[PDB]
Structure formats: C-alpha cells, structure tokens
Amino acid sequence: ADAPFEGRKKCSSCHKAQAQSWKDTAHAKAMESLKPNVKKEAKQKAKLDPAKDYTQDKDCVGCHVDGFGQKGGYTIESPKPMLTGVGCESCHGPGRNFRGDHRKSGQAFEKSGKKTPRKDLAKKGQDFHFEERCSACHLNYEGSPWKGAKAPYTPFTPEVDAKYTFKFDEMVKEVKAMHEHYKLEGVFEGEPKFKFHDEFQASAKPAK
Ligand code: HEC
Ligand code: HEC
Ligand code: HEC
Ligand code: HEC
Ligand SMILES: O=S([O-])[O-]
C-alpha cells in the first residue's frame, strides 16, 4: 500500500499558518538553488558549475522537489509548481488518502469534540516519525551513516564542508529553517506520535 503525492495546495489551504511560515524556509526555495548563477560559491566548493542550469537535471531535482520517482510526484516532464521545492508531503508523506481524514476528523471534532486516533492516519500513509524521509535527502551520500544511500547522491557532504553535517534530532528543531509550530486543538490523539510533538506544542505560537 501507499498513497500518491498531490502537491501543497490542499494542505496549504487548511493550514495557512504553517504554509506562510514554510514559504520563507530554504526548503520552499530549493529549486532556486538549481538555477544558473545562484549560490555560485557553494557550488564551486562542491565542484559544480556555477553557470549551469540544473533545474532539469535528474541527478539533482530529486531532492529539491516533492516525490520524485514516486506515484503522483514531480517529474521533469510535468514539473508541477505545487510539487516544486521541498514541501508538505516531502516530510508528512504523500497526502492523497490522509488529507480526507483530516477533513472528516476536523468536521467531527468541530461538531462533537470527537477525536480521531493517529493510528488511522498512519494507516493512510501519514508520517509521524520523519527521520527516514529527511535522511533520504540529507544523508544520501556514499558511505553515509544512513543505510539507504543510493545514487544520485547529494553533492553537499561533511567532506565538502563540515557545516553539511546532518543530525536529525538537532536539525528537526532548527527554527531558522523549519516552519514555525502552531497550537493544535487536539483533533488527533494517540500513537504513533512524533517524539517531539508535545515539546513543540508546549512551545507553539497561538493558532491566532
Ligand atoms: C482541511 C480540510 C485540511 C486539509 C486539506 C489538510 N489538513 Fe491537516 N489537519 C486538519 C485538521 C482539522 C487537523 C487537526 C488540527 C488540530 O487543531 O488538531 C489537521 C492536522 C494536521 C497535522 C497534525 C497531526 C497531529 O499529529 O496531530 C498535520 C501534520 C497535518 N494536518 C498535515 C497536513 C498535510 C501535510 C496536508 C496536505 C497533504 C493536510 N494536513 C491537509 C485539516 C486539514
Ligand atoms: C529532500 C526532498 C529533503 C527532505 C525530505 C528534507 N530536506 Fe532539508 N533540505 C533539502 C534541501 C535541498 C535543502 C537546501 C535548500 C536550498 O536550496 O537551499 C535543505 C535544507 C535544510 C535545512 C537548512 C540547511 C541546514 O541548516 O542544514 C535544514 C535545517 C533542513 N533541510 C532540515 C530538514 C529536516 C529536519 C528534514 C526532515 C524533517 C528535512 N530537512 C527533509 C532537502 C530535503
Ligand atoms: C539528495 C540526494 C540531493 C541531490 C541528488 C542533490 N542535492 Fe542539492 N542539496 C541536498 C541537501 C540535503 C541540501 C542541503 C545541505 C545543507 O545542509 O545545507 C542541498 C543543498 C543544495 C544547494 C545549497 C548549498 C548551500 O547553500 O550551501 C545547492 C546549490 C544544491 N543543493 C545544488 C544541487 C545540484 C546542482 C545538484 C545536482 C548536481 C544537487 N544539489 C543534487 C540534497 C541533494
Ligand atoms: C519537513 C522539513 C517539513 C515540511 C517541508 C513541512 N512540515 Fe509540517 N511539520 C514538520 C514537523 C517535524 C512537524 C512536527 C510533528 C508533530 O507532530 O509535532 C510538523 C508539524 C506540522 C503541523 C502540526 C502543527 C504544528 O506543528 O504547527 C501542521 C499542520 C503542519 N506541519 C503542516 C505543514 C504544511 C501545510 C506544510 C507545507 C506548506 C508543512 N507542514 C511542511 C515538518 C515539516
Ligand atoms: O475544525 S477544527 O479542527 O478547527
């Protein structure tokens, strides 16, 4: 089983606070990095060509868009703007099947306070762990600590520069590059629950 990708539109329409915050992160602008003459210095350090247009190179786009190589995902032949940049489904998982449960569950909660178990969403493909997905992009290089590495690899590795060292427990809390967290009403409950969920909700900004 597995759900296809659809893009950021629906998620963004119901979750405007996260979407507006996400919009300003490096992830949202990931495709701009593949354009000619952008990030020239970093590209030279990694021995890449600073003037090359890498926006349609299959050795690069896969980690700068949503669901490359997966059903419903971004393709160089049909590069959907709503799948351009590392977006919502790249971390939360393809949403085709679970976004429907977010709608119905939210309606049920608004009408009667009924909560829905996270177990139902995980069954529909939602990710509440994240490590593996971040790793498929950030730790995808030869000999990396992550067991799933396979080409094409990311040019940006600790070997190129120590700043490219990725540690999940640290980076997932990187407030300068992850979307801000906002308070949830509590529609969903139970396991699997992200290990830092309560920590993030206790420190979250008001839903407004
Ligand atoms: C409106 C019809 C929604 C759409 C479209 C999507 N989501 Fe949703 N989501 C919705 C509700 C009413 C809730 C509960 C909010 C609350 O206050 O409790 C959610 C919740 C989430 C969560 C949090 C899950 C948890 O562990 O508690 C996430 C991470 C989330 N939604 C993500 C998400 C994504 C990526 C979507 C696009 C595929 C998406 N949602 C669509 C309502 C709606
Ligand atoms: C591939 C589809 C990715 C997934 C999944 C995740 N990240 Fe990522 N991240 C990716 C790229 C291509 C970039 C660079 C964007 C650009 O063009 O500039 C990034 C960047 C970050 C950063 C900022 C840079 C840094 O400080 O290291 C952070 C903090 C980051 N990414 C974190 C992160 C986490 C915690 C993820 C899983 C929840 C995650 N990323 C997934 C590509 C991809
Ligand atoms: C996933 C396996 C990737 C492939 C294939 C490529 N890139 Fe990407 N890129 C990836 C990550 C995880 C990051 C973030 C690194 C960090 O920690 O900051 C990036 C980042 C870039 C950047 C920005 C670098 C910086 O600002 O210092 C550029 C310019 C970039 N990537 C270009 C690029 C090109 C041209 C690729 C094909 C040759 C390419 N990347 C592939 C992950 C992945
Ligand atoms: C990986 C780099 C992510 C991207 C891209 C997006 N989100 Fe996210 N989101 C991420 C994490 C690790 C978490 C915490 C999980 C938890 O259960 O605590 C979240 C959480 C949310 C939530 C829950 C409420 C909140 O924390 O604000 C929502 C509604 C949510 N995310 C929505 C969302 C949307 C619409 C995105 C695309 C614009 C999006 N997220 C991208 C990691 C990542
Ligand atoms: O519909 S409720 O989750 O705001």
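The deposited coordinates derive from X-ray crystallography, with the record listing a resolution of 1.8 Å.

A. Here's a closer look at the site of ligand 4. Residues in contact with ligand 4 amount to 24 residues; listed here are only the nearest, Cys88, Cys91, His92, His179 and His181. At a separation of 2.8 Å, an oxygen atom of ligand 4 approaches a polar backbone atom of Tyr182. One of the side-chain N or O atoms of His197 is found 2.7 Å from an oxygen atom in ligand 4. Of all the elements in the fold, those that place two or more residues in the shell around ligand 4 are α1 (9–14), α2 (16–22), α4 (88–92) and α9 (197–202). Residues of the shell around ligand 4, tallied by class, amount to 13 nonpolar, 10 polar and 1 charged.

B. Structural view of the environment of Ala202. By the element assignment, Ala202 lies in helix α9. Sequence spacing of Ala202 and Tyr182 is 20 residues, and the spatial spacing of their C-alpha atoms is 9.5 Å.

C. Geometry of the coordination of the iron atom of ligand 3. Exactly one protein atom donates to the iron atom of ligand 3; that atom is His64 (NE2), 2.2 Å from the metal. Along the chain, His64 falls in the loop between α3 (40–45) and α4.

D. Local environment of the UniProt feature "binding site: heme 2" in the chain. In the UniProt entry, the feature "binding site: heme 2" is given for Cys60, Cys63 and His64. Structurally, the position occupied by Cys60 is in the loop between α3 and α4. For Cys60, a relative accessible area of 19% gives the class buried. Once you skip the residues sitting within four places of it in the chain, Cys60 turns out to touch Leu34 and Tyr54. Summarising the element assignment, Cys63 is placed in the loop between α3 and α4. Overall, the relative accessible area of 28% leaves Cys63 in the partly exposed class. Setting aside anything within four residues of it in sequence, one finds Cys63 in contact with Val86 and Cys137.

E. Molecular detail of the environment of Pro206. For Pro206, the location among the structural elements is in the segment after α9. Distance in space between the C-alpha atoms of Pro206 and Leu184 is 8.7 Å, their sequence separation being 22 residues.

F. Structural view of the pattern of salt bridges. This structure, assessed with the given rule, holds 13 salt bridges. Across the salt bridge formed by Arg99 and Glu6, the nearest N and O atoms sit 2.7 Å from each other. Within this pair, whereas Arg99 is found in helix α5 (residues 98–112), its partner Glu6 is found in the segment before α1, the two being separated by 93 residues in sequence. For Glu6, a relative accessible area of 23% translates into the label partly exposed. For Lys45, the salt bridge is made with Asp161, and the minimal N-O distance between the two is 2.8 Å. Here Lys45, found in helix α3, pairs with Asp161, found in the loop between α7 (131–138) and α8 (168–171); they are 116 residues apart in sequence, far enough to count as distant. Taking relative accessible area as the criterion, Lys45 reaches 46% and is therefore assigned partly exposed. Bridged by salt links that share partners, the residues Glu6, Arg96 and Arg99 form one connected network.

Parameters at a glance
- Residues numbered from 1 in each chain as written, not as in the entry; some residues may be left out.
- Chains lettered and ligands numbered in written order.
- Heavy atoms only, no water.
- Residues with missing side-chain atoms left out of burial classes, pairs and counts.
- Near = heavy atom within 4 Å.
- Polar contact = N/O pair within 3.5 Å; in protein donor to acceptor, adjacent residues only side chain to side chain.
- Helix = DSSP H or I, 4+ residues; strand = E, 2+ residues; numbered from the N terminus.
- Nonpolar A, V, L, I, M, F, W, Y, C, P; charged D, E, K, R; others polar.
- Donors = N, O, S within 2.8 Å, 3.2 Å for Na, K, Ca; no water.
- UniProt positions renumbered as here; feature names shortened; annotations may be inferred.
- Buried < 20%, exposed > 50% of the residue type's maximum accessible area, 1.4 Å probe, protein only.
- Contact = heavy atoms within 4.5 Å.
- Salt bridge = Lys/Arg side-chain N within 4 Å of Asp/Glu carboxyl O.

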